[PDB]
Structure formats: structure tokens, C-alpha cells
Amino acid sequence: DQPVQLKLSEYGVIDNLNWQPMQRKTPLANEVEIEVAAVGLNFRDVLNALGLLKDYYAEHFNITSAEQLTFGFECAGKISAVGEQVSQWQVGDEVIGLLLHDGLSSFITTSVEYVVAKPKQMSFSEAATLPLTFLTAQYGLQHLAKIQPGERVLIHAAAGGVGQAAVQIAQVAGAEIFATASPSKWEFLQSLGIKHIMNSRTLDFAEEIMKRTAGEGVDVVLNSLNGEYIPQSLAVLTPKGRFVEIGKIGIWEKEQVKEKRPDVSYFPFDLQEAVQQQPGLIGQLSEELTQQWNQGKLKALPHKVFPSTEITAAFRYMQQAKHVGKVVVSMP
């Protein structure tokens, strides 16, 4: 009763985010409806609300208006309704919504392709830390870079959401981890078992990597930093090294990367785009992560929880938490 959806009246004003009543929908034949308990929040939601992705949204989703937008890319909750040709799921099943556009709603509907079981061990907010971070890191490190035992990987902003999942994935793969974060997060990174810890707010990390690797550099970079961090990170890759780029604003064109380091493989990607362009990918990634989870090699992330009533505060925090910390909104 009284289901709601987060909506934006006009671009560029976070204060104009409001919970509006929503009309519940009957799921189509291969969809389910999920009553949402927790929603992962992401920097992308903020960029969206601030009007910084207007062109992208028109060209990819034909969204041309602020009042058209929704928020929330991932969630956890319980099945509330099942489409006619859905056999795997029943009302009351605890589930994770892996890839969504409207997570910040009391109820969502989604294709079963984007739904997996919630572990009984996990709280809903723990479950909501998983999808975007682990799917992005799994795709970037295991599908694109194809990291191997013994290889060296630099993970920038390793205390951020994707950064932390990447640490887990790389450790599982037997990779040697080099990490950057703010100095106030270094002690957190040491406790993850990382031995090479450097500042993400200066450029000294390159010199340090070269010193520690006796001039060889690293095999793989997973990057989300822009400005001078891009050329400086390209400079530390071994010949044939792989540069995986997951930022969206201010990233380099492949031509620019080619000119500076023709010996390097450049893998810029957006997770939703890759899923769109490669039918079956989401299923493959989920199967791989479920295996990792069943082997005891995947853990939910520490995270900040905001009650739904503090949605504006959560969006403002998400700007500060950009390079650090997973943020989750608890739903009424």
C-alpha cells in the first residue's frame, strides 16, 4: 500500500528528488515483480540527476526529459508477482535484481535474465552491494583483461565499490595487487591483505610501481580516475599490458591511447552496454560469480546505509563517496 518511486522534477537540483506514488504493473510473460528492500546507489545516479548524461540518455534510451528518469541500478528484495511463462521463481522468494533502471521504487518489474537468488546468510543491504561492483570487476578482469596467476594488477580507488570487488576477484585469480586510495583508507586496504598501497591523490604511484617491479611495470590496470591519472597509468603498463577503463566522463578515445602506447590493449567499457551488445553475457557473469560465492571466495562489502527518507543526503554523500565506499538505500 502506497508504493512510491524516486523522481526528478528538473535537472541539476538534487533537492528536487522526490518520492512519488507509483502504479504497480502486472509482469509480462517472462518477467517478475520484486518488492524492493534495499537498493545499491551509484555515482551514475548522481551524474544522471545533475544533467551530465543528457545526450547519452537520448541516444541510448530515447529519454529526453528529467521527469522521465528513474534511479537505482541494482536491488535486493522478494518476488511479489510472477509472469505467466516463469517457472523458476515463486512469490516470496528472496532475490537480487542484477541490472535495472528504476531500483529506487517500492516495486520493480524485470526480465528473469536479471534476477538471481539472495543468499540466506546475507541481509538485504549486504545483497545490494553485490551486482554492479562484482559484475563490472568480473567482466573487466576475467573477460577483458583475462588476468592470470602471478600477473600484476593495479586497481585504482581500491577502497571504492568496484575497487573492493576487483580486489576479491584479483586475489581469487592469484594476481599480485597494487592499489591506490586516499591515505585515510590505507589501513582498510592493508586488512584486505594488500601489500602494495599508494596514494590515489598524487602521481607518485608510477615511480613506486617501477621501483617495486624493477622497471617491469604492471600487466593490467583497472582505471576509474580521469585527468592526469590516465596518461600516468598508461605509463606504468608493461609492453602488451591491458588497460581496462570504467570511468565515463573525461576518458580517452582509443586513438589517443594508441598514439601514446601502441603496445597496449585498451578496453573501455560500460557494463550495461556490454550486456546489451553480448546476449548471454549477464547469465555467464552471474554463473561465474555464483561459483565464486559457493567456493567461499566472495564477500559482501562494508557499506553505508541511508534510510529512504534521507535520499537527498545519500545523493550528496555519493559525490564524496565516489572513489570510496559502497552506498545502499534501505526501502520502507
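Don't overthink the numbering: it's just position in the shown sequence, from 1.
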property	result
54 to 62 or 277 to 285, whichever carries the higher mean Cα B-factor	54 to 62
Stretch with the higher entry mean CA B-factor, where the candidates are 180 to 188 and 85 to 93	85 to 93
Top Cα B factor in the deposited entry, candidates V305, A29, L47, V39	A29
Highest recorded Cα temperature factor - choice among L301, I34, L69, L271	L69
Assigned third (lowest, middle, highest) for the C-alpha B factor of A127	lowest
Modelled-residue ranking by C-alpha temperature factor, third containing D102	middle
Third of the chain, ranked by Cα B-factor, where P262 sits	highest
Assigned third (lowest, middle, highest) for the C-alpha B factor of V167	lowest
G250 CA temperature factor, ranked by third within the chain	middle
